[PDB]
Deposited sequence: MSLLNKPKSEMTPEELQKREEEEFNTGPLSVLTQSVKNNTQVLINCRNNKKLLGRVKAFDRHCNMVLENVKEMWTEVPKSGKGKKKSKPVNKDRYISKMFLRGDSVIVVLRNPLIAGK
């Protein structure tokens, strides 16, 4: 219904199409991964997450296979992010 439309469709697209999203986290870090499930609070079960950040001005990252993310930590979520190596 209105998971289907309404802002939470961004999330239900990744579930439907196994698409990665990029999440800006209150961390000051970014998470790139596939969504497994989510709730209205944007609590999240993620897979294959790449956590990425910069700091001393060097890019940093880490991999987390399986994550539960509290919706609390999420700031913005990009549908169809664009990343490069």
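Gaps without C-alpha coordinates occur at 1-21, 78-88, 118, with positions taken along the deposited sequence from 1.
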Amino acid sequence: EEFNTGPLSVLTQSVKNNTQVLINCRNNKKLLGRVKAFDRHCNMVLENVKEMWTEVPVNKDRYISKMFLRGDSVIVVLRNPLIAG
From here on, numbers count along this sequence of modelled residues.
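Taking only CA atoms, the mean B-factor in the PDB entry is higher for 7-15 than for the other of 68-76 and 7-15. Two stretches are in play, 18-26 and 59-67, and the higher mean C-alpha B-factor belongs to 18-26.
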